[PDB]
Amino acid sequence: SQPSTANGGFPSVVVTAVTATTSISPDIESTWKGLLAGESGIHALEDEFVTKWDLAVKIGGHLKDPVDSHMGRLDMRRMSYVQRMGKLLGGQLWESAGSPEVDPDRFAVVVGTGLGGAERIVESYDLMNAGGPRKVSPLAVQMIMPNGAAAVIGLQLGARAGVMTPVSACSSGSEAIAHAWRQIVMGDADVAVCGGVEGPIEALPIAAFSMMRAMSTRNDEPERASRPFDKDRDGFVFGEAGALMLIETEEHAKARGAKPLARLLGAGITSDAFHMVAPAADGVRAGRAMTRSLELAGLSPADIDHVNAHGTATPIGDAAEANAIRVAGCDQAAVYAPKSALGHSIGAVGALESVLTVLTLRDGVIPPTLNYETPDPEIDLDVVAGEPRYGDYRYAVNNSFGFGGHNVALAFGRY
């Protein structure tokens, strides 16, 4: 008689607020409406570094509204980028939540990132070489450490029931939400701010990722380069993003009159032990990740109406996920690959895509998967394309698969 959300073994956890900054818009609800209208965030990069280095990739989605356009001189001096993004999203999230007065002792922050304050390592390196060890800021360490974002958000909001930073590359954002859920169901907290943040698009990131040969080079037509599950896909597209959601026990959200957006029912974490950067082709462990989220939710595969696919738009990546969705027996669910419109935000993407899974369940709609024009004959899923599909989505699984063979799956339900 193992514990599940269904059988009361875990307390009921609800999502009571969300925030995201995006290539389409700084406002999640605008981003949502824009996705339903079939808008894409992916453009031709106009940054000088592109033409300075003659990079193979000249496309991506910068945030519609730069994080640093909201950051004064002080904040530019004492925070890394992911920190400054985290402070911004943290404040937006709380205001959206009605600036609630919670017990800081029962309040956790779990925010993942791909890399950390990496640019401050480079800057400290350059300053030290030009002028010696005393040119390194006494702030260098607090900005460089990859727990910086979560620590800045925790300090900002007064989270005293734990501040955590899981790192698993592309799945970091989803993993953070998994761990926030655990922290609540195990009794360590009643409310948790969780999600992901990531750095902007730049020369060195593109260089690194494009030399892996995992990126689309369809530079002629930016808006059509991201092609999850399409026969002509040639890898992923950068799409800057950041996302937090507020979760709390249903008791808690009720005690303060907060109207839930959805339920976070269960969470699955597994691994491939196959390759450092390529997903196991059989999708077996990735599927178990999904199956596990259902065990803890108390759901069976037949209950899943929707799947928010990883949808990297790599050849081997989409084939792998196809096999996973079959292995978990969720292949009759309506699939959506939001990376088609928003692109890959690495450490942030798993949390943005959880925010879309929540809204999907709230509004009862899945936006269209852009650029799905020649479905891959070797992949037989129900990819939503063309126009938004209004459906009775009671339960969804959001997938995330990280470099290192990390598999995370989040089980969500309608309120």
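Under this definition, the rigid core comprises the largest set of C-alpha atoms superposing within 1.5 Å between the forms. Position 1 is the first residue in the sequence shown; the rest follow in order.
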So if we fit everything on the core, which stretch drifts more in 4 other deposited structures of this protein, 85-93 or 130-138, C-alphas only?
130-138
Taking C-alpha RMS after core alignment, which stretch differs more from the shown form in 4 other deposited structures of this protein: 209-217, or 109-117?
209-217
Which has the higher mean CA temperature factor in the PDB entry, 376-384 or 360-368?
376-384
In the PDB record, does 240-248 or 119-127 carry the higher mean Cα temperature factor?
119-127
Looking at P315, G158, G112, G268, which has the highest CA B-factor as recorded?
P315
Check the PDB entry and point out which of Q92, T291, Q83, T217 has the largest C-alpha temperature factor.
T217
Taking only the Cα B-factors deposited for this chain, tell me whether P66 sits in the lowest, middle or highest third.
highest
Third of the chain's Cα B-factor distribution that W53 belongs to, per the entry
highest
Mind checking which third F209 falls in for C-alpha B-factor across the chain?
highest
Going by the entry, which third of its chain does the Cα temperature factor of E321 land in?
middle
Consider only the C-alpha atoms of the modelled residues in this chain, order them by B-factor as the entry records it, and name the third containing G347: lowest, middle or highest.
middle
